[PDB]
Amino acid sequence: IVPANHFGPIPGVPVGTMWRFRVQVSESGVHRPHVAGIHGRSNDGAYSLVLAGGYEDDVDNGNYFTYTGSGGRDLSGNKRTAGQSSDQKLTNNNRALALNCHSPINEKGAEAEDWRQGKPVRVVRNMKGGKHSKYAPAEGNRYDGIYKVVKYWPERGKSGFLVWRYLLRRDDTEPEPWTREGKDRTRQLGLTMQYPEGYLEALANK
């Protein structure tokens, strides 16, 4: 298996692979955190991210998307998500993702000199993003391939609070799973939704 700080595609996991739950995506190594949208280390970079419609400032255009950093929220009361109530900061996961950009870390944001030389990020799209994106899968989670950070910057989001934004652009030879070519490949590879052991059983009875 690969280390937790592995950059790039996970061997044996082609674009198009699908998992019903986040813990399954974690177990595969594609996106380790089972909750966080970003998996990264503040002195290395981000290895992967998940688009799940969790942040109102995200803009999903398929091969291109504007991702929002995490944080800027009050999670007291043992919460995992909430609306924006404070300015986000270029720290922890947010800092890791900015490091993927082919440019020195910049507190005011930056643009890549040559975006193709930036560190790769494995991208997963979750069905919940389907509320505003036509690229989200109908069910579960789907690995969509490698993307790179073209630029990142801070600005006031819909809430009026400062949020960090990142422009990601796809850089993968495997076809996008939402195109005719991607669907054909998924079919040819016989990829199907992965469910936990005995999940469907208990699911039906519910």
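Throughout, we count residues from 1 along the sequence that is shown. Rigid core here is just the name for the largest C-alpha set that superposes within 1.5 Å across the two forms.
Trainee: After superposing on the rigid core, which of 28-36 and 51-59 has its C-alpha atoms sitting farther from this form in 7 other deposited structures of this protein?
Mentor: The more displaced stretch in 7 other deposited structures of this protein turns out to be 51-59.
Trainee: Rigid core superposition, C-alpha RMS per stretch in 7 other deposited structures of this protein: which comes out larger, 175-183 or 159-167?
Mentor: If we average over structures and residues in 7 other deposited structures of this protein, the farther stretch is 159-167.
Trainee: Does at least a third of the other compared PDB entries (those resolving both flanking residues) leave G77 without coordinates?
Mentor: In at least a third of the other entries, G77 has no coordinates.
Trainee: Read off the CA B-factors in the entry, average them over 175-183 and over 29-37, and name the higher stretch.
Mentor: Averaging CA B-factors over each stretch, the winner is 175-183.
Trainee: Using only C-alpha atoms and the B-factors in the entry, which stretch averages higher, 97-105 or 77-85?
Mentor: That would be 77-85.
Trainee: Going by the entry, which third of its chain does the Cα temperature factor of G130 land in?
Mentor: Its C-alpha B-factor, which the entry lists for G130, ranks in the highest third among residues of this chain.
Trainee: Ranking every modelled residue in this chain by its Cα temperature factor as given in the entry, which third contains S70?
Mentor: Ranked within chain, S70 CA B lands in the lowest tercile.
Trainee: Consider only the C-alpha atoms of the modelled residues in this chain, order them by B-factor as the entry records it, and name the third containing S159: lowest, middle or highest.
Mentor: Ranked within chain, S159 CA B lands in the highest tercile.
Trainee: Tell me, lowest, middle or highest third: where does the Cα B factor of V15 rank within its chain?
Mentor: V15: CA B-factor falls in the lowest third of its chain.
Trainee: Considering every modelled residue of the chain and its Cα B-factor in the PDB entry, is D60 in the lowest, middle or highest third?
Mentor: Lowest third.
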